[PDB]
>>> print(open('data-v4.txt').read())   # compact mmCIF, C-alpha atoms
# COMPACT_ATOMS: atom_id res chain seq x y z
CA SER G 17 -99.58 -24.96 -25.04
CA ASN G 18 -100.73 -22.97 -28.09
CA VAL G 19 -104.23 -24.36 -28.66
CA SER G 20 -104.78 -25.46 -25.05
CA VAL G 21 -103.32 -22.14 -23.89
CA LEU G 22 -105.73 -20.16 -26.06
CA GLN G 23 -108.62 -22.34 -24.90
CA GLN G 24 -107.79 -21.82 -21.22
CA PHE G 25 -107.37 -18.10 -21.90
CA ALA G 26 -110.79 -17.83 -23.54
CA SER G 27 -112.29 -19.83 -20.66
CA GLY G 28 -110.73 -17.52 -18.07
CA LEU G 29 -111.87 -14.46 -20.01
CA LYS G 30 -115.44 -15.76 -20.29
CA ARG G 37 -113.67 -17.82 -8.44
CA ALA G 38 -113.13 -19.94 -11.55
CA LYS G 39 -111.24 -17.14 -13.30
CA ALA G 40 -109.14 -16.63 -10.17
CA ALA G 41 -108.34 -20.35 -10.06
CA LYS G 42 -107.40 -20.27 -13.75
CA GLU G 43 -105.12 -17.27 -13.15
CA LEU G 44 -103.49 -19.02 -10.18
CA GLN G 45 -102.93 -22.15 -12.28
CA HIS G 46 -101.43 -20.01 -15.06
CA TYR G 47 -99.07 -18.35 -12.57
CA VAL G 48 -98.09 -21.76 -11.17
CA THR G 49 -97.37 -22.96 -14.72
CA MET G 50 -95.32 -19.84 -15.42
CA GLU G 51 -93.35 -20.66 -12.27
CA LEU G 52 -92.03 -23.75 -14.05
CA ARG G 53 -91.92 -22.18 -17.52
CA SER G 60 -92.24 -19.78 -26.69
CA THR G 61 -91.83 -16.11 -25.77
CA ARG G 62 -93.50 -14.95 -29.00
CA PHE G 63 -96.39 -17.36 -28.41
CA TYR G 64 -96.80 -16.06 -24.85
CA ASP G 65 -96.82 -12.47 -26.15
CA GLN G 66 -99.40 -13.35 -28.81
CA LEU G 67 -101.65 -15.03 -26.24
CA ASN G 68 -101.34 -11.98 -23.99
CA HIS G 69 -102.24 -9.71 -26.91
CA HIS G 70 -105.31 -11.83 -27.71
CA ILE G 71 -106.59 -11.70 -24.12
CA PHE G 72 -105.79 -7.97 -23.95
CA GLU G 73 -107.67 -7.19 -27.17
CA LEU G 74 -110.64 -9.30 -26.06
CA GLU G 82 -112.27 -9.82 -20.52
CA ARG G 83 -110.02 -6.95 -19.46
CA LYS G 84 -109.71 -8.47 -15.98
CA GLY G 85 -108.31 -11.67 -17.48
CA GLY G 86 -105.88 -9.70 -19.63
CA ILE G 87 -104.55 -7.71 -16.68
CA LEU G 88 -104.35 -10.91 -14.62
CA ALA G 89 -102.30 -12.63 -17.32
CA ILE G 90 -100.01 -9.64 -17.86
CA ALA G 91 -99.31 -9.02 -14.17
CA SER G 92 -98.90 -12.68 -13.23
CA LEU G 93 -96.60 -13.44 -16.16
CA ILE G 94 -94.46 -10.34 -15.52
CA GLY G 95 -94.11 -11.00 -11.80
CA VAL G 96 -93.42 -14.72 -12.11
CA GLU G 97 -91.30 -14.95 -15.27
CA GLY G 98 -89.37 -11.84 -14.22
CA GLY G 99 -89.08 -8.41 -15.80
CA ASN G 100 -87.16 -8.28 -19.07
CA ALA G 101 -86.43 -5.46 -21.50
CA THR G 102 -88.59 -6.90 -24.29
CA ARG G 103 -91.47 -7.75 -21.94
CA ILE G 104 -91.43 -4.29 -20.34
CA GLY G 105 -91.33 -2.56 -23.72
CA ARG G 106 -94.19 -4.64 -25.13
CA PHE G 107 -96.44 -4.42 -22.05
CA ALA G 108 -95.86 -0.70 -21.42
CA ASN G 109 -97.94 0.10 -24.51
CA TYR G 110 -100.75 -2.15 -23.23
CA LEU G 111 -100.73 -0.40 -19.85
CA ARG G 112 -100.59 3.06 -21.46
CA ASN G 113 -103.60 2.05 -23.57
CA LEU G 114 -105.55 0.74 -20.56
CA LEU G 115 -104.98 3.77 -18.32
CA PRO G 116 -106.72 6.61 -20.26
CA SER G 117 -110.08 4.83 -20.47
CA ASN G 118 -111.42 1.76 -18.66
CA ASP G 119 -114.19 0.57 -16.33
CA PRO G 120 -114.37 0.51 -12.51
CA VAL G 121 -112.82 -2.43 -10.62
CA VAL G 122 -110.81 -3.16 -13.77
CA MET G 123 -108.99 0.12 -13.13
CA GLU G 124 -108.06 -0.93 -9.59
CA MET G 125 -106.78 -4.25 -10.95
CA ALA G 126 -104.76 -2.33 -13.55
CA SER G 127 -103.28 -0.13 -10.81
CA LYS G 128 -102.33 -3.29 -8.91
CA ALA G 129 -100.59 -4.54 -12.05
CA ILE G 130 -98.78 -1.20 -12.37
CA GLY G 131 -97.63 -1.50 -8.77
CA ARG G 132 -96.45 -5.07 -9.33
CA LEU G 133 -94.44 -3.89 -12.33
CA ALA G 134 -93.07 -1.01 -10.23
CA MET G 135 -91.81 -3.33 -7.49
CA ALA G 136 -90.27 -5.74 -10.02
CA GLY G 137 -86.85 -4.10 -9.66
CA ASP G 138 -85.66 -3.44 -13.21
CA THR G 139 -83.71 -0.70 -14.97
CA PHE G 140 -86.82 0.53 -16.82
CA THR G 141 -88.65 0.82 -13.48
CA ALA G 142 -87.28 4.33 -12.87
CA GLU G 143 -88.38 5.56 -16.30
CA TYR G 144 -91.82 3.95 -15.98
CA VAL G 145 -92.41 5.37 -12.48
CA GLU G 146 -91.30 8.86 -13.51
CA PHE G 147 -93.52 8.66 -16.61
CA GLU G 148 -96.56 7.67 -14.54
CA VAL G 149 -95.85 10.30 -11.86
CA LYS G 150 -95.46 13.05 -14.47
CA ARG G 151 -98.71 12.12 -16.21
CA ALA G 152 -100.46 11.95 -12.83
CA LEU G 153 -99.19 15.45 -12.01
CA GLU G 154 -100.36 16.70 -15.41
CA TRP G 155 -103.82 15.27 -14.72
CA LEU G 156 -103.86 16.84 -11.25
CA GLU G 162 -113.63 10.27 -14.06
CA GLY G 163 -111.37 7.40 -15.07
CA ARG G 164 -108.28 9.64 -15.22
CA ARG G 165 -108.09 11.41 -11.85
CA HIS G 166 -108.86 8.22 -9.92
CA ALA G 167 -106.33 6.29 -12.02
CA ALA G 168 -103.61 8.85 -11.30
CA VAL G 169 -104.50 8.85 -7.59
CA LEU G 170 -104.31 5.04 -7.38
CA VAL G 171 -100.97 5.02 -9.22
CA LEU G 172 -99.61 7.70 -6.88
CA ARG G 173 -100.73 5.73 -3.82
CA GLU G 174 -99.10 2.52 -5.07
CA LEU G 175 -95.86 4.29 -6.01
CA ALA G 176 -95.73 6.07 -2.65
CA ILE G 177 -96.18 2.76 -0.82
CA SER G 178 -93.69 0.90 -3.02
CA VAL G 179 -91.01 3.38 -4.12
CA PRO G 180 -90.61 6.26 -1.61
CA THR G 181 -87.27 7.28 -3.15
CA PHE G 182 -88.72 8.06 -6.58
CA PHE G 183 -91.99 9.21 -5.00
CA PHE G 184 -90.09 11.95 -3.13
CA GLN G 185 -88.57 13.28 -6.37
CA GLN G 186 -91.63 15.51 -7.00
CA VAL G 187 -92.99 16.91 -3.73
CA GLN G 188 -93.76 20.59 -4.36
CA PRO G 189 -95.82 19.92 -7.53
CA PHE G 190 -97.32 16.99 -5.63
CA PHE G 191 -98.68 19.20 -2.84
CA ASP G 192 -99.53 22.14 -5.11
CA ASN G 193 -101.64 20.13 -7.55
CA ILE G 194 -103.21 17.84 -4.95
CA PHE G 195 -104.28 20.71 -2.67
CA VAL G 196 -106.32 22.02 -5.63
CA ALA G 197 -107.61 18.73 -7.08
CA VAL G 198 -108.73 17.22 -3.75
CA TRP G 199 -111.40 19.81 -2.95
CA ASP G 200 -113.25 19.08 -6.20
CA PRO G 201 -116.78 17.67 -5.76
CA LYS G 202 -115.85 13.98 -5.87
CA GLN G 203 -115.79 11.05 -3.45
CA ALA G 204 -113.30 8.54 -4.88
CA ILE G 205 -110.76 11.32 -5.44
CA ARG G 206 -111.08 12.26 -1.77
CA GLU G 207 -110.78 8.65 -0.58
CA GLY G 208 -107.64 7.94 -2.58
CA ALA G 209 -105.86 11.29 -2.42
CA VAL G 210 -106.24 11.38 1.37
CA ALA G 211 -104.41 8.04 1.53
CA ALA G 212 -101.75 9.38 -0.85
CA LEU G 213 -101.33 12.36 1.48
CA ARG G 214 -101.07 9.88 4.36
CA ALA G 215 -98.15 8.11 2.70
CA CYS G 216 -96.44 11.36 1.69
CA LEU G 217 -96.77 12.87 5.17
CA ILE G 218 -95.51 9.68 6.83
CA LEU G 219 -92.44 9.73 4.58
CA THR G 220 -91.90 13.45 5.23
CA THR G 221 -92.11 12.99 9.00
CA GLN G 222 -89.72 10.03 8.87
CA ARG G 223 -87.23 12.14 6.90
CA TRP G 233 -94.52 21.47 3.49
CA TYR G 234 -96.22 21.25 6.88
CA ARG G 235 -96.99 24.98 6.87
CA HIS G 236 -98.37 24.80 3.32
CA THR G 237 -100.47 21.74 4.21
CA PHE G 238 -101.94 23.41 7.30
CA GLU G 239 -102.62 26.66 5.41
CA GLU G 240 -104.39 24.85 2.56
CA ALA G 241 -106.41 22.73 4.99
CA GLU G 242 -107.51 25.80 6.95
CA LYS G 243 -108.39 27.67 3.75
CA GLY G 244 -110.49 24.72 2.58
CA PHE G 245 -112.19 24.41 5.97
CA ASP G 246 -113.02 28.14 5.99
CA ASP G 258 -120.42 19.94 3.27
CA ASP G 259 -117.74 18.72 0.86
CA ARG G 260 -115.06 20.85 2.57
CA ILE G 261 -115.45 19.20 5.98
CA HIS G 262 -114.17 15.63 6.08
CA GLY G 263 -111.17 16.45 3.90
CA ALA G 264 -109.94 19.13 6.29
CA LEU G 265 -110.70 16.84 9.24
CA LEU G 266 -108.60 14.09 7.64
CA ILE G 267 -105.73 16.47 6.88
CA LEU G 268 -105.64 17.74 10.47
CA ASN G 269 -105.95 14.20 11.84
CA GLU G 270 -102.94 13.29 9.70
CA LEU G 271 -100.73 15.66 11.70
CA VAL G 272 -102.33 14.59 14.98
CA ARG G 273 -102.01 10.86 14.30
CA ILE G 274 -98.47 11.01 12.91
CA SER G 275 -97.42 13.04 15.96
CA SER G 276 -99.03 10.51 18.34
CA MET G 277 -98.91 6.89 17.16
CA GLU G 278 -100.46 5.58 20.40
CA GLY G 279 -104.01 6.15 19.16
CA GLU G 280 -103.30 4.60 15.76
CA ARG G 281 -101.59 1.52 17.21
CA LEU G 282 -104.78 0.37 18.97
CA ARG G 283 -106.81 0.79 15.78
CA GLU G 284 -104.21 -1.03 13.67
CA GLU G 285 -103.99 -3.96 16.10
CA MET G 286 -107.77 -4.28 16.33
CA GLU G 287 -108.07 -4.10 12.53
CA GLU G 288 -105.59 -6.97 12.32
CA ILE G 289 -107.56 -8.86 14.97
CA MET G 304 -90.14 -20.81 20.12
CA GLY G 305 -87.53 -19.84 22.69
CA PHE G 306 -84.03 -18.42 22.73
CA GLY G 307 -82.75 -21.20 25.00
CA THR G 308 -83.61 -23.99 22.57
CA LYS G 309 -80.58 -26.00 21.49
CA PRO G 310 -80.10 -25.91 17.69
CA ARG G 311 -79.96 -29.24 15.89
CA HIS G 312 -76.42 -30.62 15.81
CA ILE G 313 -76.85 -31.17 12.05
CA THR G 314 -77.62 -27.84 10.38
CA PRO G 315 -80.24 -28.18 7.62
CA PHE G 316 -79.60 -26.54 4.28
CA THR G 317 -81.14 -23.08 3.97
CA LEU G 356 -92.97 20.31 16.51
CA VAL G 357 -95.13 21.42 13.58
CA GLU G 358 -97.42 18.46 14.24
CA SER G 359 -97.65 19.33 17.94
CA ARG G 360 -98.05 23.11 17.76
CA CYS G 361 -100.77 22.74 15.13
CA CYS G 362 -102.47 19.75 16.72
CA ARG G 363 -104.29 22.13 19.07
CA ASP G 364 -105.74 23.96 16.08
CA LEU G 365 -106.41 20.57 14.49
CA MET G 366 -108.51 19.51 17.47
CA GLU G 367 -110.13 22.95 17.57
CA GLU G 368 -111.24 22.90 13.92
CA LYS G 369 -112.53 19.37 14.52
CA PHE G 370 -114.55 19.92 17.70
CA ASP G 371 -116.62 22.44 15.75
CA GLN G 372 -116.91 20.49 12.50
CA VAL G 373 -118.09 17.39 14.35
CA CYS G 374 -120.74 19.49 16.09
CA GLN G 375 -121.83 21.26 12.90
CA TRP G 376 -121.91 18.42 10.36
CA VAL G 377 -123.65 16.03 12.75
CA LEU G 378 -126.12 14.97 10.06
CA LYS G 379 -125.41 17.08 6.98
CA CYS G 380 -124.52 15.38 3.70
CA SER G 386 -123.18 8.75 6.38
CA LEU G 387 -119.79 9.36 4.76
CA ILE G 388 -119.19 12.56 6.74
CA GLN G 389 -120.42 10.86 9.92
CA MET G 390 -118.17 7.88 9.19
CA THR G 391 -115.11 10.11 8.77
CA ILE G 392 -115.93 12.13 11.90
CA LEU G 393 -116.40 8.95 13.94
CA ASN G 394 -113.07 7.64 12.66
CA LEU G 395 -111.15 10.85 13.37
CA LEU G 396 -112.57 12.03 16.71
CA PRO G 397 -111.02 9.34 19.00
CA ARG G 398 -107.48 9.94 17.72
CA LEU G 399 -107.78 13.68 18.36
CA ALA G 400 -109.15 13.04 21.85
CA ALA G 401 -106.35 10.52 22.45
CA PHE G 402 -103.82 13.22 21.57
CA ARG G 403 -105.59 15.78 23.80
CA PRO G 404 -108.83 14.91 25.68
CA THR G 410 -113.63 18.89 28.51
CA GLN G 411 -115.13 20.98 25.70
CA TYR G 412 -113.36 18.80 23.13
CA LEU G 413 -114.53 15.79 25.14
CA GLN G 414 -118.16 16.96 25.17
CA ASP G 415 -118.10 17.80 21.45
CA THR G 416 -116.73 14.34 20.66
CA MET G 417 -119.15 12.64 23.08
CA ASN G 418 -122.24 14.19 21.51
CA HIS G 419 -121.53 12.89 18.00
CA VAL G 420 -120.20 9.51 19.14
CA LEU G 421 -123.14 8.79 21.45
CA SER G 422 -125.63 9.98 18.83
CA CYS G 423 -124.11 7.72 16.17
CA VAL G 424 -123.88 4.66 18.46
CA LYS G 425 -127.67 4.50 18.81
CA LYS G 426 -128.16 4.96 15.06
CA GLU G 427 -127.58 2.19 12.52
CA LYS G 428 -125.09 1.89 9.63
CA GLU G 429 -122.44 3.43 11.92
CA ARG G 430 -122.52 1.15 14.99
CA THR G 431 -119.23 -0.58 14.15
CA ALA G 432 -117.03 2.49 13.69
CA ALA G 433 -118.89 4.33 16.46
CA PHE G 434 -118.11 1.54 18.94
CA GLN G 435 -114.48 1.49 17.77
CA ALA G 436 -114.25 5.22 18.44
CA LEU G 437 -116.00 4.67 21.77
CA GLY G 438 -113.37 2.11 22.78
CA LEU G 439 -110.52 4.41 21.75
CA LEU G 440 -112.18 7.20 23.76
CA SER G 441 -112.49 4.93 26.79
CA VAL G 442 -108.79 4.07 26.56
CA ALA G 443 -107.79 7.72 26.07
CA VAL G 444 -109.98 9.21 28.82
CA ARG G 445 -109.95 7.14 32.01
CA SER G 446 -111.79 9.13 34.70
CA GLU G 447 -114.08 11.58 32.88
CA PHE G 448 -115.36 8.83 30.56
CA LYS G 449 -116.83 6.94 33.54
CA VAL G 450 -119.86 9.27 33.56
CA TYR G 451 -121.28 7.81 30.33
CA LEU G 452 -120.51 4.20 31.32
CA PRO G 453 -124.19 3.48 32.19
CA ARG G 454 -125.31 4.82 28.80
CA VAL G 455 -122.69 2.77 26.95
CA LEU G 456 -123.51 -0.40 28.90
CA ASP G 457 -127.25 0.05 28.36
CA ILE G 458 -126.76 0.50 24.61
CA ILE G 459 -124.61 -2.64 24.49
CA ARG G 460 -127.18 -4.60 26.53
CA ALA G 461 -129.79 -3.42 24.02
CA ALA G 462 -127.72 -4.32 20.94
CA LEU G 463 -126.63 -7.82 22.01
CA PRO G 464 -130.04 -9.60 22.39
CA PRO G 465 -130.92 -9.10 18.66
CA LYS G 466 -128.19 -11.67 18.05
CA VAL G 478 -121.82 -6.51 13.74
CA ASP G 479 -121.62 -7.57 17.39
CA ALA G 480 -118.13 -9.03 16.89
CA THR G 481 -116.75 -5.49 16.94
CA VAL G 482 -118.93 -4.89 20.00
CA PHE G 483 -117.08 -7.73 21.73
CA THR G 484 -113.78 -6.20 20.62
CA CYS G 485 -114.81 -2.85 22.10
CA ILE G 486 -115.70 -4.63 25.35
CA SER G 487 -112.15 -6.02 25.34
CA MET G 488 -110.70 -2.54 24.76
CA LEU G 489 -112.88 -1.15 27.56
CA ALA G 490 -111.27 -3.80 29.77
CA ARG G 491 -107.89 -2.73 28.33
CA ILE G 497 -112.24 -4.44 34.88
CA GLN G 498 -114.91 -4.06 37.54
CA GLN G 499 -116.66 -7.00 39.19
CA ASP G 500 -119.80 -6.13 37.20
CA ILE G 501 -118.12 -7.87 34.25
CA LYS G 502 -118.94 -11.12 36.06
CA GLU G 503 -122.63 -10.32 35.64
CA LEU G 504 -121.92 -9.10 32.09
CA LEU G 505 -120.39 -12.49 31.24
CA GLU G 506 -123.68 -14.33 30.73
CA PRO G 507 -125.16 -12.34 27.78
CA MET G 508 -121.87 -12.29 25.86
CA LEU G 509 -121.58 -16.07 26.19
CA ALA G 510 -125.28 -16.49 25.38
CA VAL G 511 -124.84 -14.54 22.12
CA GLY G 512 -122.92 -17.38 20.50
CA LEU G 513 -119.59 -18.53 19.07
CA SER G 514 -117.35 -16.22 17.05
CA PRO G 515 -113.57 -15.87 16.59
CA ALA G 516 -113.78 -12.26 17.73
CA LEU G 517 -115.49 -13.35 20.96
CA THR G 518 -112.94 -16.11 21.58
CA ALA G 519 -109.97 -13.81 20.94
CA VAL G 520 -111.54 -11.09 23.10
CA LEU G 521 -112.00 -13.51 25.99
CA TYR G 522 -108.44 -14.81 25.62
CA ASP G 523 -106.98 -11.30 25.64
CA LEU G 524 -109.19 -10.37 28.60
CA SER G 525 -107.89 -13.38 30.54
CA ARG G 526 -104.36 -12.35 29.55
CA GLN G 527 -104.55 -8.70 30.60
CA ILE G 528 -106.85 -9.02 33.64
>>> encode(input="data-v4.txt", output="structure tokens")
Amino acid sequence: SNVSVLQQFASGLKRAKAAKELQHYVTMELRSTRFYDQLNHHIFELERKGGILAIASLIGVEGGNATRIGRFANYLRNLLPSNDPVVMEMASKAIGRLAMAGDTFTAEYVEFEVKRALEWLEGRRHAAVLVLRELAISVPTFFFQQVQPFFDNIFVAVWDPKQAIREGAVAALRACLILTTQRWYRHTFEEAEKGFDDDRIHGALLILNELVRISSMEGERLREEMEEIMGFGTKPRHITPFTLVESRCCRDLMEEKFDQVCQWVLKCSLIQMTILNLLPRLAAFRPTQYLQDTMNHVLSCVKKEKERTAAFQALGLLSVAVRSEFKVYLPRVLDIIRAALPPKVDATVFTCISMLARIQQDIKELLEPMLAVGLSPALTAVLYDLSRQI
């Protein structure tokens, strides 16, 4: 569109931007090459979010080509070393979209990014971590090419005093460990124990919970389903239309967690959040001293604010995991819920009530306040699942 194209580009660069990007992608679906490259260069030079949007959308829609990959690789390699937050995450998304394009240059580009990430292992460390996460999720085959340098550099870079590095690198370790288990463990456990022996608390807890959770998917399945929250006999139309190491170390994992949860009860919110997330899975793997250590932190956090959601989620997982011994704290849990509801966050409280059902006739008396709270999709789905199961 030349002039109109440049105008729309400037407008998008200066909700509305998202709509403009979507329209541009839809137009690229139907649809010169030099003009498109020049427009991309103008938006790139000018703001950065619009440039990355245009580059990624045009690449993904129009399809990867040798000239396009060669011209846009320089733009990406210029964006990566220095940029601003949020824009970096968008750039990493664009890198992932280019990675999953499925071209001959994809292997070279992925190896180049992985090697530079390893060399790096703060707009650089976080960028490398995000790229590693995306490549692990998208291309396990080329992500498994470098595993020993992966572990060796990450086990040193993670324990640096940073938060975003921890958040991303733990997820990268999640993907790597999942791939390894589907297809190292001793080195991971040794490094985690050395680090554990307030920054060096939640990282070790996460690393141990990785082995515990991968060994036992039952605890993770409930969390995944709650986070998300025809017939064979039909006659087809007569006219067809056109168409081991994680089990033997899990004990030590739970052991080094029952003490950390008791120690860092209120040290340096983030640590409490991670502990609340990780305790129920460990108890689900192996439930009284561990149970008491988990109960203290969970019950303490439930009463407090800014952690009620995750604390109740952990409480529900604990109720599912421990059936008989958990009944002692039922009056405390019910009283806290009956205190929290009248103020109306409570959607997750309803979900945890559903998981607790996942029973007694007292639920008939408990029906009235939940209904009196009000309408919510979580409440409706919880009631429907309750009627299904019981």
>>> closest_residue(input="data-v4.txt", among="G:271, G:21, G:400, G:517", to="residue 442 of chain G", atoms="all atoms listed in the file")
G:400
>>> closest_residue(input="data-v4.txt", among="G:412, G:72, G:234, G:140", to="residue 357 of chain G", atoms="all atoms listed in the file")
G:234
>>> residues_around(input="data-v4.txt", residues="residue 168 of chain G", least_positions_apart="5", cutoff="10 Å", atoms="all atoms listed in the file", output="list in words")
residues 115, 116, 127, 148, 149, 150, 151, 152, 153, 154, 155, 156, 163, 173, 174, 205, 208 and 209 of chain G
>>> residues_around(input="data-v4.txt", residues="segment 485-507 of chain G", least_positions_apart="3", cutoff="9 Å", atoms="only C-alpha atoms", output="CSV table (one decimal) with C-alpha atoms, keeping the file's coordinate frame")
chain,number,residue,atom,x,y,z
G,282,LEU,CA,-104.8,0.4,19.0
G,434,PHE,CA,-118.1,1.5,18.9
G,435,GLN,CA,-114.5,1.5,17.8
G,436,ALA,CA,-114.2,5.2,18.4
G,437,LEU,CA,-116.0,4.7,21.8
G,438,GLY,CA,-113.4,2.1,22.8
G,439,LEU,CA,-110.5,4.4,21.8
G,441,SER,CA,-112.5,4.9,26.8
G,442,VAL,CA,-108.8,4.1,26.6
G,460,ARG,CA,-127.2,-4.6,26.5
G,463,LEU,CA,-126.6,-7.8,22.0
G,464,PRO,CA,-130.0,-9.6,22.4
G,480,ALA,CA,-118.1,-9.0,16.9
G,481,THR,CA,-116.8,-5.5,16.9
G,482,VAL,CA,-118.9,-4.9,20.0
G,510,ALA,CA,-125.3,-16.5,25.4
G,511,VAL,CA,-124.8,-14.5,22.1
G,520,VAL,CA,-111.5,-11.1,23.1
G,521,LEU,CA,-112.0,-13.5,26.0
G,523,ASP,CA,-107.0,-11.3,25.6
G,524,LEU,CA,-109.2,-10.4,28.6
G,527,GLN,CA,-104.6,-8.7,30.6
G,528,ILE,CA,-106.8,-9.0,33.6
>>> closest_residue(input="data-v4.txt", among="G:269, G:66, G:314, G:391", to="residue 365 of chain G", atoms="all atoms listed in the file")
G:269
>>> closest_residue(input="data-v4.txt", among="G:258, G:89, G:462, G:267", to="residue 364 of chain G", atoms="all atoms listed in the file")
G:267
>>> closest_residue(input="data-v4.txt", among="G:99, G:197, G:181, G:443", to="residue 139 of chain G", atoms="all atoms listed in the file")
G:99
>>> atom_distance(input="data-v4.txt", atom1="atom CA of residue 449 of chain G", atom2="atom CA of residue 361 of chain G")
29.1 Å
>>> atom_distance(input="data-v4.txt", atom1="atom CA of residue 414 of chain G", atom2="atom CA of residue 370 of chain G")
8.8 Å
>>> closest_residue(input="data-v4.txt", among="G:26, G:83, G:144, G:191", to="residue 109 of chain G", atoms="all atoms listed in the file")
G:144
>>> residues_around(input="data-v4.txt", residues="residue 179 of chain G", least_positions_apart="2", cutoff="12 Å", atoms="only C-alpha atoms", output="count of residues only")
28
>>> atom_distance(input="data-v4.txt", atom1="atom CA of residue 388 of chain G", atom2="atom CA of residue 262 of chain G")
5.9 Å
>>> residues_around(input="data-v4.txt", residues="residue 415 of chain G", least_positions_apart="4", cutoff="10 Å", atoms="only C-alpha atoms", output="PyMOL selection string")
chain G and resi 369-375+396+410-411+419-420
>>> residues_around(input="data-v4.txt", residues="residue 93 of chain G", least_positions_apart="5", cutoff="8 Å", atoms="all atoms listed in the file", output="PyMOL selection string")
chain G and resi 47+50+98
>>> residues_near_point(input="data-v4.txt", point="(-125.2, -13.3, 17.8)", cutoff="7 Å", atoms="all atoms listed in the file", output="count of residues only")
4
